[PDB]
Amino acid sequence: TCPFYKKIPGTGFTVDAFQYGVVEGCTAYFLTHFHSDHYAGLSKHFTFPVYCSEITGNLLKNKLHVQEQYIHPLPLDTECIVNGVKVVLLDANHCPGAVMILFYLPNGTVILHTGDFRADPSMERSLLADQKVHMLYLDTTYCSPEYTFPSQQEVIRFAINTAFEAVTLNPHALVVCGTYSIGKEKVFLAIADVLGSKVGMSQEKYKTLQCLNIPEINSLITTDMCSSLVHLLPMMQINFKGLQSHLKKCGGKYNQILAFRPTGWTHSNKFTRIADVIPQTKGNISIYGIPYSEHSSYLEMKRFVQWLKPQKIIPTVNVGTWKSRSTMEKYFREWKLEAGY
Ligand code: NI
Numbered sequence: 001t002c003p004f005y006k007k008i009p010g011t012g013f014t015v016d017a018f019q020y021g022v023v024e025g026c027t028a029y030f031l032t033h034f035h036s037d038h039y040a041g042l043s044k045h046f047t048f049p050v051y052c053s054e055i056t057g058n059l060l061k062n063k064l065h066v067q068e069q070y071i072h073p074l075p076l077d078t079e080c081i082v083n084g085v086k087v088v089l090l091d092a093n094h095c096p097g098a099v100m101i102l103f104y105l106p107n108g109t110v111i112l113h114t115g116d117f118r119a120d121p122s123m124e125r126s127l128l129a130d131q132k133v134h135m136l137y138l139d140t141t142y143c144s145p146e147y148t149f150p151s152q153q154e155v156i157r158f159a160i161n162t163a164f165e166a167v168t169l170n171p172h173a174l175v176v177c178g179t180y181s182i183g184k185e186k187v188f189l190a191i192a193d194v195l196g197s198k199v200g201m202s203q204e205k206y207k208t209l210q211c212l213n214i215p216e217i218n219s220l221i222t223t224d225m226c227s228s229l230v231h232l233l234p235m236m237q238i239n240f241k242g243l244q245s246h247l248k249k250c251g252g253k254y255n256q257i258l259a260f261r262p263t264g265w266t267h268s269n270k271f272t273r274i275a276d277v278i279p280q281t282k283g284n285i286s287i288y289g290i291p292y293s294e295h296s297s298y299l300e301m302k303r304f305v306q307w308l309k310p311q312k313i314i315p316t317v318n319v320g321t322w323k324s325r326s327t328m329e330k331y332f333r334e335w336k337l338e339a340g341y
């Protein structure tokens with residue numbers, strides 16, 4: 001059954017709750033972003049209102065074939081009324097089109113649901129600064145102190161210099177980037193840009209990217225593999241066997257592959273810096289795992305919550321075990337005592 005942490009009290013609203021059939025009493029289904037665990041269950045046959053960003057609406061329409069009449073896109077940073085309740089969508093700094101949702105209840109309670117986010121100090125100067133939030137439904141993916149990672153900007157710097165150097169030393173080297181959802185487009189676009197190439201990908205992925213309102217996107221991507229030296233592949237195909245295989249397909253246009261696997265966290269984050277990363281090399285094929293996160297680090301999460309000073313925190317990730325739940329509740333209490341709310 002639909003868990004309590006997907007229901008918004010005092011409304012008939014649910015968030016990211018599409019895989020439970022009809023939810024008894026739900027008059028409006030919100031979708032924070034187009035990632036499969038969150039949209040799981042949506043299809044062309046859904047006949048309830050879906051509220052979401054414009055970008056997520058383009059993807060529902062063109063990728064899922066949900067009918068236009070059930071998609072209600074809302075602009076960001078705008079007070080809107082939905083079934084008699086004031087709501088605001090804010091940028092989540094996650095993947096394209098991803099949002100947080102502010103709900104202003106008739107009783108006067110204010111609730112923020114973060115969806116998936118990477119907390120940033122820029123959020124402290126959004127519409128959130130304007131009033132008190134009583135309840136926070138929080139993305140707790142990395143709610144533990146071991147979870148450190150560098151800034152997105154540092155990680156992109158690294159990838160750009162690595163690729164530029166490899167290709168300038170060997171003009172017959174191919175760059176491959178792995179992907180399995182939207183998110184992390186900066187990795188492959190920043191690389192394409194330093195190398196004066198468009199990025200090349202399958203027809204399905206090209207269609208996916210054309211939904212995302214990226215400015216000048218026609219100048220940056222293509223379906224013509226042959227004309228491009230940055231290729232996107234399924235993340236599943238990013239391994240020695242999958243790359244060798246792929247190398248054959250280019251017909252001796254390239255003799256070397258430099259590939260990037262943009263991971264989340266991996267335990268080498270607890271030891272090594274970005275400057276000191278190394279690849280796995282089997283011959284003329286090298287694979288970098290880069291820790292490009294679109295979720296809050298433990299410290300970024302801690303700062304956001306200490307700034308927000310919520311009265312109650314409801315976790316939306318890692319809720320399935322008593323040990324995780326108990327651990328998260330300990331960190332929340334530490335934060336609250338340190339900050340005095
Ligand atoms: Ni996500």
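Just so you know, we're using my numbering here: the sequence shown kicks off at 1 and counts up by one. Every residue, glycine too, gets a C-beta built ideally from N, C-alpha and C.
Quick one, which of the options has its alpha-carbon nearest residue i's?
i	options	result
residue 119	294, 313, 335	294
residue 265	143, 67, 42	143
residue 77	91, 68, 67	91
residue 99	106, 147, 112, 193	112
residue 325	240, 139, 192	139
residue 136	241, 105, 26, 314	314
residue 204	232, 188, 217, 216	232
residue 154	187, 106, 164	187
residue 219	189, 244, 245	189
residue 66	258, 6, 250, 48	48
residue 29	58, 63, 62, 73	73
residue 170	256, 36, 327	256
residue 16	223, 282, 32	32
residue 71	83, 79, 58, 81	58
residue 245	209, 224, 284, 145	284
residue 87	110, 97, 95	110
residue 122	308, 132, 319	308
residue 69	45, 338, 25, 168	45
residue 127	164, 116, 102, 237	102
residue 167	183, 146, 193, 151	193
residue 334	303, 24, 319, 107	303
residue 3	331, 336, 320	320
residue 213	108, 20, 55	55
residue 262	253, 6, 327, 234	234
residue 341	330, 323, 328, 305	305
residue 25	6, 34, 43	6
residue 258	269, 210, 292, 191	191
residue 202	217, 130, 224	224
residue 114	89, 131, 337	89
residue 9	94, 107, 327, 1	107
residue 211	323, 336, 327, 183	183
Between residue i and residue j, which are expected to be in contact by the criterion C-beta below 8 Å, what is the C-beta distance as a whole number of angstroms?
i	j	result
residue 41	residue 13	Going by Cβ atoms, the distance from residue 41 to residue 13 rounds to 17 Å, so no, they are not a contact pair.
residue 11	residue 105	7 Å
residue 317	residue 141	5 Å
residue 403	residue 296	A question about residue 403 goes unanswered here, because the residues of the chain that appear run from 1 up to 341.
residue 82	residue 51	6 Å
residue 185	residue 96	7 Å
residue 312	residue 38	Actually they are not in contact, since the Cβ atoms of residue 312 and residue 38 sit about 23 Å apart, beyond 8 Å.
residue 298	residue 145	5 Å
residue 63	residue 208	7 Å
residue 282	residue 332	No, residue 282 and residue 332 are not in contact; Cβ-Cβ is about 45 Å, not under 8 Å.
residue 292	residue 152	6 Å
residue 254	residue 243	Actually they do not touch by this definition, with Cβ atoms about 11 Å apart.
residue 116	residue 94	4 Å
Against chain B, does residue i count as a neighbour if the rule is that its beta carbon must be under 8 Å from one of theirs?
i	result
residue 331	You won't find chain B in this structure, because it holds only one protein chain.
task = Identify every run of the alpha helix (DSSP H) within the region 17–49, keeping only runs that are complete inside it and at least 4 residues long; order them along the chain.
result = 36–39
request  = Pick out the complete alpha helix (DSSP H) segments inside the region 187–266, 4 residues or longer, and give them in chain order.
outcome  = 203–210, 217–220, 240–248
query = In chain order, what residues place their C-beta within less than 5 Å of a heavy atom belonging to ligand 1?
reply = 35, 116
request  = Pair every Cβ in the region 192–200 with every Cβ in the region 225–245, then say whether three or more of these pairs are closer than 8 Å.
outcome  = yes
query = Counting pairs of Cβ atoms below 8 Å between the region 150–159 and the region 283–300, do you hit three or more?
reply = yes
query = Okay, do the region 176–192 and the region 265–275 touch, 3+ Cβ pairs below 8 Å being the bar?
reply = no
query = Which parts of the region 145–190 are runs of the alpha helix (DSSP H), unbroken and 4 residues or longer, counting only runs that do not cross its ends?
reply = 152–169
message = Report the start-end ranges of each alpha helix (DSSP H) in the region 47–89 that is 4 residues or longer and not cut off at the edges.
response = 54–62
query = If you scan the region 95–125 from start to end, which runs of the beta strand (DSSP E) of 3 or more residues do you find wholly inside it?
reply = 99–104, 110–113
task = At 3 residues or longer, and completely inside the region 283–314: list those beta strand (DSSP E) runs for me, N to C.
result = 285–291
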